[PDB]
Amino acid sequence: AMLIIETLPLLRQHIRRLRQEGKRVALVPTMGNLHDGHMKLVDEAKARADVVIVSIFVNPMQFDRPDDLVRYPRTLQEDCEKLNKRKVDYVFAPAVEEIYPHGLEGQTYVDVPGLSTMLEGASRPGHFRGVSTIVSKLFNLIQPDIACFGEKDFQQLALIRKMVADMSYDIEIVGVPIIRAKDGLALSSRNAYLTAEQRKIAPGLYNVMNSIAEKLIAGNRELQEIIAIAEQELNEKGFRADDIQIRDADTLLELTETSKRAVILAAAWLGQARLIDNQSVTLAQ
């Protein structure tokens, strides 16, 4: 029987008991309005710990603009339905005034430099600060052994990993691979404007990406060439290449002699639909 807690003191009480009981704990952090993606996360956490705690918190701090916030879906009941079905032990679902009793102005924050202002960060001051601050608070609160994040937010995942190192959190950060169709296509909302014919072609993006992985994992380092080949391969299948990038998976900067992991980002158009995907890959030890 799943337990639903909304205040810091109650939860902490349980966190204390769970220690004395010697149970290994996994946290899956979320902002509610859950679906299949999150369920996979939950499976992954259940597989690696004795107890799974899921948090549901729409976190004002990471919201770039005040409108977006107001219009974020809240669906506590169905969220709990899905988590209860999945045999989740604890749901932590506090109100804003429990986490931020006095608003965001004087709130202690945690910032990861560089990672937080590059790429998506540059257009979104404060967003990633919001992400690292709340995860940080959640970590101190729950003290999990393991935490799960989806691989789709490759930047969030790198944010957190860099935080955990720098701030010395003894927590295992587990990147969970996205749900794909049997043919490779990232399952997503965008897959609606795909005509039966474009759907057949769609999986081309993930193949093109895997061809890049193959080349990189072996010792291929002619990056520009690699990328250009990829642009062309996509155009030929019928896409129109929007963007293709290869970066260091930990720093999000350019690959160097010293990178151990690469992340492959690609976006390309199919008729009037713009598919995006990504893939992480191990180049060294």
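Throughout, we count residues from 1 along the sequence that is shown.
For the segment pair 60-68 and 41-49, the entry gives 60-68 the higher mean B-factor, averaged over Cα atoms. As the entry records it, the average C-alpha temperature factor is higher for 82-90, out of 143-151 and 82-90. For the set 208, 163, 176, 179, the PDB entry assigns the largest Cα B-factor to 179. Sorting 168, 156, 195, 108 by the CA temperature factor given in the entry leaves 195 at the top.
In the PDB entry, a CA B factor belonging to the highest third of its chain's modelled residues is recorded for residue 188. Among all modelled residues in its chain, residue 123 ranks in the highest third by Cα B-factor.
Split the chain's modelled residues into thirds by C-alpha temperature factor. Residue 274 is in the highest one. Among the modelled residues of the chain, residue 73 sits in the highest third by CA temperature factor in this PDB entry.
Per-chain ranking of the deposited C-alpha B factor places residue 247 in the lowest third.
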